[PDB]
């Protein structure tokens, strides 16, 4: 199934409109949620929280509304390249998702681990398979750090429409 259900869902291509991308906070209008699209250089290069992310206080998030239920098999993330001088990225992150938009589900891999290893630099696209895959309308990327740091993220969701 994951062989056919592996298509980018709209972050890089624009299929997912700006209005459907929101966040917990933003450093500036130029780093608002809508700029958190994989490989984009628009605005100041990515979505970036207003304050540093602390290791014991995971309160930031980048939220995508797909409107209809989708099967999400992989996710991709990047930091903020910004023409070559950006240094911000999320080293790790968690994925929360929802069907109704009211109750949130914490994604856990087959071993019960919620934290996914992320980027190690601001420019490379890093992909992660989701096993088990998720069915959701809303997907949230929650940056996770091991020390206080100013993160930024550009992302993409891969999968297909449900039913």
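Residue numbers count along the first chain shown, from 1.
- Higher mean CA B-factor, judged across 4-12 and 152-160 from the recorded values: 4-12.
- On average the C-alpha atoms of 110-118 have higher B-factors than those of the other stretch, with 132-140 and 110-118 being the two compared.
- Note on the listed residues 96, 63, 31, 68: the highest Cα temperature factor in the record is that of 68.
- Annotation for residue 36: CA B-factor lies in the lowest third of the chain's modelled residues.
- For residue 104, the recorded CA temperature factor ranks within the highest third of the chain's modelled residues.
- Sort the chain's modelled residues by C-alpha temperature factor and residue 125 lands in the middle third, per the entry.
- Annotation for residue 48: CA B-factor lies in the lowest third of the chain's modelled residues.
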